[PDB]
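Enquirer: A single structure is presented below for examination.
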Amino acid sequence: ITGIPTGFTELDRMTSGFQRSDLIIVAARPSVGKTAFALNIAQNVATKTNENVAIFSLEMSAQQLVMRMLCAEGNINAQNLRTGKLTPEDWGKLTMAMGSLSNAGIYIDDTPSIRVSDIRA
Amino acid sequence: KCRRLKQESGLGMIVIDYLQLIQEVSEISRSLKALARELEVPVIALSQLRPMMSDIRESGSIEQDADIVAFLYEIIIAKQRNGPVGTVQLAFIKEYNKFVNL
């Protein structure tokens, strides 16, 4: 394994990372889960390694993104974060999910739609 | 059976599984109310049918005998004589088969 680990055992094997200088394009039809896939890699690289990740989220807002990876952790949500109130099981969960993702190396930029030069800057 | 259990051990709740399945129902409704009254115990009679009042009413009285009529949908307490009438909302697990708080 090279690289930068994906988190996902057998994705790692074919690729050995994610390695440095390579442009990886992940394509999928609307609502197959391409964002929710890129987010989970971002997450696993943030919480498990020690390596800052930069996420540009041109479509969805910066904070509507965070719950989507807060949910992806503490295994939270049908109860739901969205629809107000939670159970003592949800609360006592978010707190850890918030705590573990708190020390992660994620940087989000939701700037509406930005030119490449800016991404690069 | 409930009568004999009260004198020998205690008793606090009678939870009957579904009424429509006991063995016209207006005459049973009547008797369940009296049972509760005799034993100074809340009797929970489950029933089978959105929902609202006329869904069960059209099939054997009940309405004027039961002093509190709950609906599972949301828990809709559609009639109670203690006071308030409205919607209480409960979470439901499935895997564990629990209804839980919120």
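Each value in this text was obtained by applying a stated rule to the coordinates, not by laboratory testing. Note: ideal-geometry Cβ built from the backbone for every residue, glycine included; neighbour counts use all protein chains shown.
Enquirer: Which of the residues spanning segment B:82-102 are in contact with a strand residue (DSSP E or B) (Cβ under 7 Å, 6 or more places away or on another chain) and more than 14 Å from every other protein chain (Cβ to nearest Cβ)?
Expert: B:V85, B:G86
Enquirer: I've got another one for you. Of the conditions (1) crowded, with 17+ Cβ neighbours inside 10 Å; (2) more than 12 Å from the chain's Cα centre (by Cα), A:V45 fails just one. Which one is it?
Expert: It fails just one condition, (2).
Enquirer: Here's something else I'd like to know. Which members of segment A:66-92 meet the condition of being of a type in the set (K, R) and out of contact with any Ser or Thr (no Cβ under 9 Å at 6 or more places or on another chain)?
Expert: Initial filter on segment A:66-92 (of a type in the set (K, R)): A:68, A:82, A:85.
The answer is A:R82, A:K85.
Enquirer: Going by the structure shown, is A:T95 surrounded by fewer than 16 Cβ atoms within 10 Å (Cβ to Cβ) and outside any loop (DSSP other than H, G, I, E, B)?
Expert: So A:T95 fits the description; yes.
Yes/no per residue for (1) out of contact with any helix residue (DSSP H, G or I) (no Cβ under 7 Å at 6 or more places or on another chain); (2) over 24 Å from A:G7 (Cα atoms):
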site	(1), (2)
A:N77	yes, no
A:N80	yes, yes
A:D90	yes, yes
A:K93	yes, no
A:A97	no, no
A:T111	yes, yes
A:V116	yes, yes
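Enquirer: Same structure, new question: Is there a residue in segment A:32-49 that is farther than 30 Å from B:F92 by Cα and in a loop (DSSP other than H, G, I, E, B)?
Expert: Yes, segment A:32-49 contains a residue that is farther than 30 Å from B:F92 by Cα and in a loop (DSSP other than H, G, I, E, B).
Enquirer: Here are B:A66, B:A34: which of them is over 30 Å from A:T87 (Cα atoms), more than 14 Å from chain A (Cβ to nearest Cβ), of a type outside the set (D, E) and buried (at least 16 other Cβ atoms within 10 Å of the Cβ)?
Expert: Criteria check complete, one pass: B:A66.
Enquirer: What pairs come up if the first residue lies in segment A:1-27 and is over 16 Å from A:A38 (Cα atoms), the second is outside any loop (DSSP other than H, G, I, E, B), and their beta carbons are under 7 Å apart, counting only those six or more places apart or on different chains?
Expert: If the second residue must be outside any loop (DSSP other than H, G, I, E, B), the pairs left are A:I1/A:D12.
Enquirer: Quick one: what pairs do we get from segment A:88-106, first residue more than 14 Å from every other protein chain (Cβ to nearest Cβ) and closer than 17 Å to A:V53 by Cβ, second of a type in the set (G, A, S) and not in a strand (DSSP E or B), C-beta under 6 Å, 6+ apart or different chains?
Expert: From segment A:88-106, the pairs are A:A104/A:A46; A:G105/A:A46; A:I106/A:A46.
Enquirer: I need a count of the residues in segment A:73-92 that are loosely packed, with under 15 Cβ neighbours inside 10 Å and on the phi > 0 side of the Ramachandran plot.
Expert: Total satisfying the criteria: 2.
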